[PDB]
């Protein structure tokens, strides 16, 4: 469990450093991953960027699956996103660095993403809808973008208890 930096901290604005080839498969890289999962499981989030705990590395984790749009548990390093078409889809987002709030954000509906897993094996997936949304959201942290900077319709930005009574 680690401190989630909250919006306004200048560490969330960094352009993150690539993970060095040298740490691929290293113990230090494992501790970080473990902390990130423990921290994300504890505050009940769907995803987490290393910069959100003030670690300046292109490293994100995400994964959603319970009684019900599932997303596989993934550890993506040094990622790179390619939109597959011009189609956009609005949907609800929150974030642990912006507690108390939700916003509607329009994202690419279909992406390819590529990167490395923690042992340096390449990742290369084509995804749509929610899975595509989460990856776009987490990769924004690595270029110092939080989701309010992405909102086009501020009629749908507000406090969670006000937008969602239940």
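Positions refer to the first chain, counted from 1.
Missing deposited residues between residue 28 and residue 29: none, as the chain runs unbroken there.
Note on 38 to 46 vs 51 to 59: mean CA B-factor is higher in 38 to 46. Taking only CA atoms, the mean B-factor in the PDB entry is higher for 13 to 21 than for the other of 13 to 21 and 150 to 158. Residue set 70, 132, 123, 105: peak C-alpha B-factor at 70 (per PDB entry). In the PDB entry, residue 114 places in the middle third of its chain by CA B-factor. Annotation for residue 7: CA B-factor lies in the lowest third of the chain's modelled residues. Per the PDB record, residue ranking by Cα B-factor puts residue 88 in the middle third of the chain. Sort the chain's modelled residues by C-alpha temperature factor and residue 95 lands in the middle third, per the entry.
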